[PDB]
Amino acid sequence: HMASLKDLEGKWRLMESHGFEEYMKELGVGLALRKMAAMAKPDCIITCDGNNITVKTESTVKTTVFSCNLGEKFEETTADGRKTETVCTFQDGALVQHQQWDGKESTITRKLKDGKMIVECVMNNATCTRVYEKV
């Protein structure tokens, strides 16, 4: 049973984090914002209205929301304040979010694994795995 896009819908609470600091480092996030992001245990709320995907990132510090249509490039302002060109695709049971800015690129992959949502973030040689459970 391969995942679907609707399977990602829900309120998700962060439970585990590996390599997050090093990823935010590679992005250019200052120490201050890094220790602030790491102390947070966000909610990630995802809604899938057909191929219209909204991802709301909720914390006590900042709330960040983008809404896109699958496969249509859009302008994203990231939680760390980057202006990027982004495309979400659905590949092999995973929501793949590709960001480009300043000739740099990062990929965030969100997939369902064993009832959990696994978030993989790659920038250059820096990788990070976050694990979320369903609220």
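Residue numbers here begin at 1 and follow the sequence given.
For the pair 30 to 38 and 85 to 93, the mean B factor over Cα atoms is greater in 30 to 38. Of the candidates 110, 73, 104, 98, the deposited coordinates give 104 the top C-alpha B factor. Among all modelled residues in this chain, the alpha-carbon of residue 52 has a temperature factor (C-alpha) in the middle third. When the modelled residues of the chain are ordered by their C-alpha B factor, residue 2 lands in the highest third. Placement of the Cα temperature factor of residue 64 within the chain: middle third of the modelled residues, per the deposited record. Annotation for residue 126: CA B-factor lies in the highest third of the chain's modelled residues. The PDB entry assigns residue 25 a C-alpha temperature factor belonging to the highest third of its chain's modelled residues.
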